[PDB]
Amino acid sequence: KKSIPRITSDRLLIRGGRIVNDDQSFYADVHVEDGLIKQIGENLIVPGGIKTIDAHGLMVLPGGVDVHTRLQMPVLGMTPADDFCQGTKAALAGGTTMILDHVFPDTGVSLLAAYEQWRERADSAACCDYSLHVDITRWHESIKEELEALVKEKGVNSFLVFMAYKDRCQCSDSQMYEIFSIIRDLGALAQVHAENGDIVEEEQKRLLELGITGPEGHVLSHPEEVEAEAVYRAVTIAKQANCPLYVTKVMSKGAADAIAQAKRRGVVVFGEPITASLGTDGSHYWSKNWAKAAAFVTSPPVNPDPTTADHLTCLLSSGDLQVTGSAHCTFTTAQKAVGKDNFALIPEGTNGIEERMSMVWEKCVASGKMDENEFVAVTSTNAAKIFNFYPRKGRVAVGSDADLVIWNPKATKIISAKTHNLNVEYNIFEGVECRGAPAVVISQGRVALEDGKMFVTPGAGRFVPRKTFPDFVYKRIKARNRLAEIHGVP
């Protein structure tokens, strides 16, 4: 008698596609087995019976990597309406197969404890693979031990510091310098939420004092100048500390320019525009419909200058902005409405997880500013290299994870709350038409989207641990450490 092992069904054959990686495009068939890309070539020898997808005339590209989601973060006591299960389903529907969610400790909760609560929730509800950033809401004298445990034991290599939310989680410049020096020693990436909280607080007061209580008060109290200044100050502190810097939620021309200028001076810095900053503008804060206007309330806000998106799109093309995220963090109209009488009480956050891939295509590729290969770079590959999971993600290559999008550059879709996969009533991209969309989405070698139908398994998604010292970040950083030593300076 033979005892026969079971062979798992996360196997498929994709025929006829134009494979698009960040370095080149080429024509070949793709054989997936056990959730991995097993062969890439012509006239591939493959088992009969195998699920077969004909990708002819279409592209086969790595699944999107959303570098920023906030699917479980508490905001003014509110739980986001799209939780890990709905968020990751929405992600898959838009061609994203991996998300990086922000762990945000509630008051009194340590970083490790918050990390464990996130893992508990995500491991049982994630429809696609994921990993976690850890947000530092309070500095204290020994939190280096927490950071150290997180990077050595829990597969985390990025932490976020807040320059805003005065009297809550804002850091001082001294504290920032100290945290960035620790992050550097640990081989981790320093993220920032870059707005001057003290200035925001002063404007919010003045505005409320004059009865400007609607959502336009939110954008008015977060002028572009407080983002640009905070980014510049963060860059400055990071540069002095030789700590690699990652600027979250790049919403303005001024913030993006500061990053581009820093890069020209050799600063190790990354910028993250999000779907909202590429896809809409802040004119809607002044909408006669309060609920619509509130739907845009997020920090930094969607910039009211409608030339912003095109500018940000130019800087994705030139390599100054390297990754795209959503910062997806949604609240219903009822949730937003706690701030009906005071914009400062509106829970901040907006949509973007589902629209990211198509909006990036529409703004960048369909416009002629960038090509398909650059598109892969800024939607998966650069993210994978920055956060240290390349080429596991962000590459159609033998041995990589079978997270694949069969992409149709000729498809067009009008975004609407009528058809979106979110638990909220408004979509900040209502009525925007995008060129480019997924035809098929594959996650872990299984079809998640085909012929307009979703096939998801909440809890199938796995945690992806991330080693410290990613080369793409740290080779420069370590050379600069060694030079400082040789030259006897800090």
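Residue positions are given as counts along the sequence shown, with the first one as 1.
- Per the PDB record, of the two stretches 210-218 and 173-181, 210-218 carries the greater mean B-factor over its C-alpha atoms.
- For the pair 64-72 and 446-454, the mean B factor over Cα atoms is greater in 446-454.
- Ranking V396, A417, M370, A327 by the C-alpha B-factor listed in the PDB entry places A417 at the top.
- Set against one another, the Cα B-factors of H102, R392, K253, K288 in the record reach their highest point at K288.
- Among all modelled residues in this chain, the alpha-carbon of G282 has a temperature factor (C-alpha) in the middle third.
- Sort the modelled residues of the chain by CA B factor and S9 lands in the highest third.
- Among the modelled residues of its chain, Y246 has a C-alpha B-factor that falls in the lowest third according to the deposited record.
- Looking at the C-alpha B-factors along this chain, the one for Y130 belongs to the lowest third.
- When the CA B factors of the chain's modelled residues are split into thirds, the value for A55 lands in the middle one.
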